[PDB]
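Engineer: After the structure tokens below, expect a handful of questions from me.
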Amino acid sequence: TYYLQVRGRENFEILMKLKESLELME
Amino acid sequence: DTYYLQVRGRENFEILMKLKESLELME
Amino acid sequence: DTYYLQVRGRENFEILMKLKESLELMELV
Amino acid sequence: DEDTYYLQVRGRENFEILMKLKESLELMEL
Amino acid sequence: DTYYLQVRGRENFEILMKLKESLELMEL
Amino acid sequence: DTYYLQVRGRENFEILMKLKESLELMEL
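Below, the structure is given as structure tokens:
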């Protein structure tokens, strides 16, 4: 498990969705 | 205007939902 | 096996269409 | 730090992709 | 101004072109 | 083989550079 620091709630939510997306693709 | 994006496969449907949500957060 | 994603606005519709095609190309590598 | 978050990421591949994507996002937002 | 991005593999080239299409639309 | 993608704008050049790296990471 890794931890990516994200400043800003906007980019946090988007990066969450992008992570979930990468998982779906894999 | 409301559009409907055709998508083949459950996997990509779910991804595009997340990408659509991400666009809306940016806009 | 076919799904439909409602999208508000032609601009996002067009963006998502290209993003879908990117996904499909990546998945075919 | 009230608006600073830590995204929990399973596996090193996705972690490194997400760092690139994060930087991409920040570039688009400037 | 015009830039050139080095890409290895024609498949990845086509993927990046599609991603570039997306990026330009998002920026309008 | 090596190709060169033409990109208008420094912004998209740097982004697409990051996207290329991401592609290569997924393909490893």
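Each protein sequence line maps, in turn, to chains L, J, I, K, G and H. The number in the authors' numbering is simply the position in the first sequence, starting from 1, with 353 added. The number in the authors' numbering is simply the position in the second sequence, starting from 1, with 352 added. The number in the authors' numbering is simply the position in the third sequence, starting from 1, with 352 added. The number in the authors' numbering is simply the position in the fourth sequence, starting from 1, with 350 added. The number in the authors' numbering is simply the position in the fifth sequence, starting from 1, with 352 added. The number in the authors' numbering is simply the position in the sixth sequence, starting from 1, with 352 added. Every residue, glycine too, gets a C-beta built ideally from N, C-alpha and C.
#1: What first and last residue would you give for the alpha helix (DSSP H) that runs through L371 (chain K)?
#2: Could you give the residue range of the beta strand (DSSP E) that holds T354 (chain K)?
#3: Using 8 Å as the cut-off, can you tell me whether the segment 363-378 of chain K makes contact with the segment 356-367 of chain L, which would need three or more C-beta pairs spanning the two stretches below that distance?
#4: Taking the Cβ atom as the reference point for each residue, do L368 (chain K) and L368 (chain L) lie within a distance shorter than 8 Å?
#5: Answer yes or no: does any C-beta atom of chain K fall closer than 8 Å to that of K372 (chain L)?
#6: Which value, in whole angstroms, describes the spacing of the CA atoms of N364 (chain L) and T354 (chain K)?
#7: Does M369 (chain J) get closer than 8 Å to chain I when you measure Cβ to Cβ?
Structural biologist: The relevant details are as follows:
#1: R362 to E379
#2: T354 to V359
#3: yes
#4: yes
#5: yes
#6: 10 Å
#7: yes
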